[PDB]
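One chain comes next, on its own, written as structure tokens: the form deposited in one PDB entry.
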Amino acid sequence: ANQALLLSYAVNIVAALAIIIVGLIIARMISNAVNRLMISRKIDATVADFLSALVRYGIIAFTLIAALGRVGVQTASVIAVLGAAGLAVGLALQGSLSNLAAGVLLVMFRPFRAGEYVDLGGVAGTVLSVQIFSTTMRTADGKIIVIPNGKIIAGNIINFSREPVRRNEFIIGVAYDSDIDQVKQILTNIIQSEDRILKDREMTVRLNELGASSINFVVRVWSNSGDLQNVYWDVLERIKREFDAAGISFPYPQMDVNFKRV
């Protein structure tokens, strides 16, 4: 029969809903304004969206604390419950947040760009795109790999395609009776007739190891990154043909045998 307290309670509830509505409006407005202010200062779009989302959820948290205080919930209760909900959402989004930060770093510092062959922790292939949470790459034989950004940032990032020039390394092994000067002279002529091998870099042709069955010569020559494999195959076929023409042997595995007829 006494509606006056009921009127006060309904009025407090309507005031709580009005505070919620106005708080969502002001949160969206201040967050969009901070986002435009950051984009105008050339902050990265993902960092801008992240900081704007944090500002919007903070203003919404103040609005919730105010409205729930209007309905009689204490500030300590609302802070504890919003903290538990935030800890749950943070447990769900912890790894995704790590991948988001790693993706921002990969887009900012550019350890690798799309189209560059790389080697991210033992997998290797052409990069296709860095994305919000993971990087796609196509391996040499066409398989697609999707590496999460945090694993990429946490480890080494070998990059085959960054330097214009790269070095071949042949390991020719010839018979122990082969002349050393003739081998070095033939390998030197083979790498001096190769126009794609850079003459201003190193061009080693040195005996390198006395192996179990052969003396292993090493040849190290530099070439542009686009000519590396073709130079390898061409120098290899030329080595084979010229050694076969010159009489130098490539040994089969060797074994002395001390015969004992028991």
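Counting begins at 1, following the sequence as shown. What we label the rigid core is the largest C-alpha set whose atoms superpose within 1.5 Å from one form to the other.
Although it is not shown, the form deposited in another entry is what the next lines describe.
- The only C-alpha among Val104, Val78, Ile147, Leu128 that moves by 2 Å or more between the shown form and the other one, given a superposition on the rigid core, is that of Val78.
- Annotation: Cα of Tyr9 displaced by at least 2 Å between the shown form and the other one, core superposition.
- For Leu207, the Cα coordinates differ by under 2 angstroms between the shown form and the other one after the core has been superposed.
- Relative to the superposed rigid core, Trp233 undergoes a CA displacement smaller than 2 Å between the shown form and the other one.
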